[PDB]
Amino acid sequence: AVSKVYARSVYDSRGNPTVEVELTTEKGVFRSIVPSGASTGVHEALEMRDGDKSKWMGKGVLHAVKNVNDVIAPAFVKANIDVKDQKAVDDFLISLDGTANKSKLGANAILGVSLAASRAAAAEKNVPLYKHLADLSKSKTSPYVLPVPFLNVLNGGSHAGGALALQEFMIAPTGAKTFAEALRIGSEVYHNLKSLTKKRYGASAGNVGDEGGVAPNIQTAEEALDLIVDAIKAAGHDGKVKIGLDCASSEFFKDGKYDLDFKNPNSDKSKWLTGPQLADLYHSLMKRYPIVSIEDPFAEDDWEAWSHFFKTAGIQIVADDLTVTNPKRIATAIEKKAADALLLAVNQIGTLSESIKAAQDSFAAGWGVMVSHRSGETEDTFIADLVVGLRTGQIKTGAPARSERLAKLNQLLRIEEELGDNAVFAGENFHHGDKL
């Protein structure tokens, strides 16, 4: 029985308020925290903010919290839905709000209750969270599949001060044999990268972006990718570490064009690229560097550019702002063959149930699924258990720096240990990890 549901304000990794929910049963008190994006897709479910300029830079979540405590809480406690029944739980919450985009209560009011319920269920059942999430998703547990970590070791775009347009430069130790090995290798590459970055672009280059990657003030990707390929070599993990990009191209899509200097107020509109032109630059990058995944190469509604690029890409193409973990928009992307991987970000859609549906739909269409953090993260570790539960074989939860990232990576360490011989490391099979 759910005796209590309670929400408070806490702080994310950028020092902005966000919603924390506590769900009390006889099994104890269960806590989930909602993350917060910076490069948020326009189609994402509502993140409700106070916009009281006198408090928290206008970023209060008092209203969201109040919606939990004054609206959802009493109705949820009164109903006492079986927490084990995630569908009915999320069913209830979504109906309480009664809008498509969760704009009545706010996604950041509902998600906390959704996630906390699933934690409570796992306890009731006497099973690890990833196990219960496996159950929820009807995923195979024999073996489990452990994810390749995609480590955003070099931050640009809206995640770091500097010229670099593309948002995330990730390394993916697919050549590793275990997660633990992959994390060691990733940390070694990161440290070697940090040293080379300082030497190459100055000590200040070694300071980190929002997601823990070094933040050199450089103008082009090709400059970023040189640093990483040099770092991989220096760490002596050549051929065992691939690269992944999040372009977050929606952040510099303007006037049907793409601004590769969008953080320059004096950017040259002459040198803004067309879809084609941009497609060209990517293909050059793909040719020169060991890139195995590219996320949001084109804009959240630039469907034609996705379709045309995907035709001849030949690597994993991840939809993020395109699909915003929305089963509706995933259906479109599948139809148009715009991508073959989904970025799963639970607070984009606002319930676990909906997030699991998006995953299941993607897998069914032969997509991959990369579970993701937000750039605004917390000490919450839910997506570590999620990626394992969902058997996706790939996650991206930050550089190996800043503990809102390490928290997830550490939790994955612990899960791999627990699972022992009943887990495989997805490694080179990350794309179709579920099919393993």
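Residue numbers run from 1 along the displayed sequence.
Comparing 134-142 with 243-251, the stretch with the higher mean C-alpha B-factor in the PDB entry is 134-142.
With 76-84 and 106-114 compared on mean CA B-factor from the PDB entry, the stretch scoring higher is 76-84.
Of the candidates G213, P297, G366, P147, the PDB record gives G366 the highest C-alpha temperature factor. Comparing the C-alpha B-factors of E181, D238, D90, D320 in the entry, the top value falls on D238. In the deposited entry, the Cα temperature factor of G37 places it in the lowest third of its chain's modelled residues.
Per-chain ranking of the deposited C-alpha B factor places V424 in the highest third. Compared with the other modelled residues of the chain, the Cα B-factor recorded for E377 ranks in the lowest third.
Per the PDB record, residue ranking by Cα B-factor puts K257 in the highest third of the chain.
Placement of the Cα temperature factor of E124 within the chain: lowest third of the modelled residues, per the deposited record.
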